[PDB]
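Before any questions on how it binds or moves, here is one chain, the form deposited in one PDB entry, in structure tokens.
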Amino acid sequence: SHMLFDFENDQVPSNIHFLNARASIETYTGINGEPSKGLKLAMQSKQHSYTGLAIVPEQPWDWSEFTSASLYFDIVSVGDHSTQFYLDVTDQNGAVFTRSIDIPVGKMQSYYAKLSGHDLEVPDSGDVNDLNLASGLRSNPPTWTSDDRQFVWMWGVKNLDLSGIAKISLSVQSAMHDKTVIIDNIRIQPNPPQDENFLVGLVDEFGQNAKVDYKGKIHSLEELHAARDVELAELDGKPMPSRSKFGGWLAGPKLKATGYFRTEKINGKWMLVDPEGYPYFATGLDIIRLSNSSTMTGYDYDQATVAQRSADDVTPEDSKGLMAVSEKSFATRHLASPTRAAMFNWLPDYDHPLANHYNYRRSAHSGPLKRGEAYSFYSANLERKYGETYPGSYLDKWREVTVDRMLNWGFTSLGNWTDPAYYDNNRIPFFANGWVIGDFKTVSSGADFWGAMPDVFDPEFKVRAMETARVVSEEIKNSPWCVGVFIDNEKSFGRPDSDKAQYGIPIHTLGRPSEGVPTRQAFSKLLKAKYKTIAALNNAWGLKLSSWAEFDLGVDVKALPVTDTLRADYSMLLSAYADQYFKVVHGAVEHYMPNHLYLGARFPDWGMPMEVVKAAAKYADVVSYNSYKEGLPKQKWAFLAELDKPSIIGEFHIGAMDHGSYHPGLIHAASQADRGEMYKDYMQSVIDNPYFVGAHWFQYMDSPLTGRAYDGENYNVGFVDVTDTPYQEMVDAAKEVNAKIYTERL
């Protein structure tokens, strides 16, 4: 309806710019079967971590008349690899949204990204940290039916200023291979009418996509018991050959045995060493528990019947056990979200054998509900599969089968957020964790994502860190099977988008008075020692403060341009903040678990300023990073060499959309088989990096189709689906990697 680029005049448009990519116009077979001229985009994404194109018109495009329309592209990958494109669309006010999808090799398809209308109209809950759509799904089922593919929602602004679209970017990021696509028919089409029922009847009685059939979908209890029987016949509890008791490499050489997991460089490559002295390399899955397997039903209970949290609890609500819902709570049950309730084709009555799989969450990070009833279809399917030989017996069977799977699949560990009931399994090592939470004073990065940042100079922060480590130690029982302890996860230490974002903690804290703010008192002390006189600081910051006492009221550095002196100061303050965080946490872990490795705080790509990484290097035995990319690119990881610290990937994943999910997750594959190929590529990258001692995949099970209760993530990121059935493509990929982790490294 509004053609932007059909490439038929045989010219590479001059308004299109190429980032580490070569462009040409070629003839290819289009979506309708007919040859057409398209833009061939050959990205040098093996060598370069950011590649692609950007369309940047002279003056921003005015598409304000398109009140319910989408941007369309015909795209296909050529060659050996699928391509995950990030589509970023920026308006004249600098507002941006990001969508992404996999582009398979094979037949060209049409892809669309909504600009306006439909599920963009009431876009979410409002909250800036709410990345979901209004439904409480990270991405929705499409709002109409067609052969076309909808770009998946990732993050950003749902309603751009259509009167000025300034830039359209398609990029390939942190790839392990050169990617090549053909793009054609960049256009705008008004949206079809919104299907009234697009959020209705999404889920069947097994928690599966009710509207779509796919390979492996369960259609009966018989089919489920059949899948169960086939798998159980193959699981015999036997570890891969040449594994030591603790999952290490029997062939050796054997190093000094200390009785606990430890680190050591073995001929130029960092390794773990198991309690008996065998070289070790950690592989396994995160979230080996049921806590995150429930989805909001849209019902609520009258609050007099809900137990409230204890202020001294060390476990945040998201990581609590599934809450046993009482008959009296359930009787008070009432509709709070019609939209949520209508998604479910079946939910059990109080008297049904599957009614124990209800959950209640008293808080949420984001989504349409702040609290509510939830249901775990996965847990219900465990009961369906394994039945009861005594009350709760399906949970014990799930734990036994889980360990048997891990051993068959060749994993050397259970990863982070393993339920403490596995801690005495004594057949496979595990990683422990705790969270430091409590009523201690806080600071802010100015863009805190999961939660506010702790004031690590408040004595109560240390009190709570000590209680946290105490509880973990009680769980661990000083077991040699515990590889190490993660504390906290993806803290907002400062984002890399800008220098002010990066130094958000110094900027925000400097803005506050010293009185009552321990971290501000610490920052004030450091700057007094640096500058001595307020006059030196005035000239460094270009200010005219009358005294240290005025300085200590709080200073709005946020409005000042970042200069050399301000940068040096923010760097110094960030370092001191991060040093104190890691000092206190390490001290607590060491106090209660003196034998065990402390594994850091799991840095994401949006939260690893170097000042904080160097702080972790000082105190953590092993520095942890979560890295959702296609692998570990040379340039992005070159800093590791100067630190010379053993490192671990706490999280990665790849998902697909061919098994009923509305959202593949953070990194996208073309199919379950392609998921398996991409897994192998990622792990090869880890195996090849001499600083890494392991990598854990997030997570064991798919997230619920309609979103995990905590924050609406609804991804295909499991080694098993909602019916507890393994993706065999992922099993095979894991076995291939796990059979060679040691021969490769050693």
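Residue indices: 1-based, along the sequence shown.
> Read off the CA B-factors in the entry, average them over 698-706 and over 59-67, and name the higher stretch.
Result of the comparison: 59-67.
> Where do the C-alpha atoms have the higher mean temperature factor in this entry, in 511-519 or in 577-585?
If you average the C-alpha B-factors of 511-519 and of 577-585, the larger mean comes out for 511-519.
> Among the candidates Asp621, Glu400, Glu611, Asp300, give the one with the maximum CA B-factor reported in the record.
Most elevated C-alpha B-factor of the set, per the entry: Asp300.
> Would you mind checking which of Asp286, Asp455, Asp644, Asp312 has the top Cα temperature factor in the PDB entry?
Highest CA B-factor of the listed options: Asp312.
> Mind checking which third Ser220 falls in for C-alpha B-factor across the chain?
For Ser220, whose C-alpha B-factor we compare with every modelled residue in the chain, the answer is the highest third.
> Within this chain's modelled residues, let me know which third the CA B factor of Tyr28 belongs to: lowest, middle or highest.
Highest third - that is where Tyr28 ends up once the chain's C-alpha B-factors are sorted.
> Which third of the chain holds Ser671 when residues are ordered by C-alpha B factor: lowest, middle or highest?
Ranked within chain, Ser671 CA B lands in the lowest tercile.
> Taking the C-alpha B-factors as the PDB entry records them, is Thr389 in the lowest, middle or highest third of its chain?
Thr389: CA B-factor falls in the highest third of its chain.
> Name the third of the chain's ranked CA B-factors that contains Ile183, choosing lowest, middle or highest.
Lowest third - that is where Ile183 ends up once the chain's C-alpha B-factors are sorted.
Another form exists, solved in complex with a small molecule; not displayed. Remarks below refer to it.
> Of these, 326-334, 443-451, 458-466, 405-413, which stretch puts a heavy atom within 4.5 angstroms of the small molecule in the bound PDB entry?
Checking each option against the 4.5 Å cut-off leaves 443-451.
> Does the small molecule come within 4.5 Å of any heavy atom of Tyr350 in the bound PDB entry?
Residue-level check for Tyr350: no, no contact with the small molecule.
> Whether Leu666 contacts the small molecule in the bound PDB entry should be assessed with a 4.5 Å heavy atom distance threshold; does it?
Although the small molecule is absent here, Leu666 would touch it in the bound PDB entry, with heavy atoms inside 4.5 Å.
> Does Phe639 reach the small molecule in the bound PDB entry, with heavy atoms at most 4.5 Å apart?
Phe639 lies outside the contact set for the small molecule.
> Would you check, heavy atoms only and a 4.5 Å threshold, whether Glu490 touches the small molecule in the bound PDB entry?
Residue-level check for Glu490: yes, a contact with the small molecule.
> Heavy atom within 4.5 Å of the small molecule in the bound PDB entry: which of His81, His586, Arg262, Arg495 fits that? Just give me the one.
That would be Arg495.
> Can you pick the one in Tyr531, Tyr422, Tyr592, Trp606 that has a heavy atom within 4.5 Å of the small molecule in the bound PDB entry?
Answer to the contact question: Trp606.
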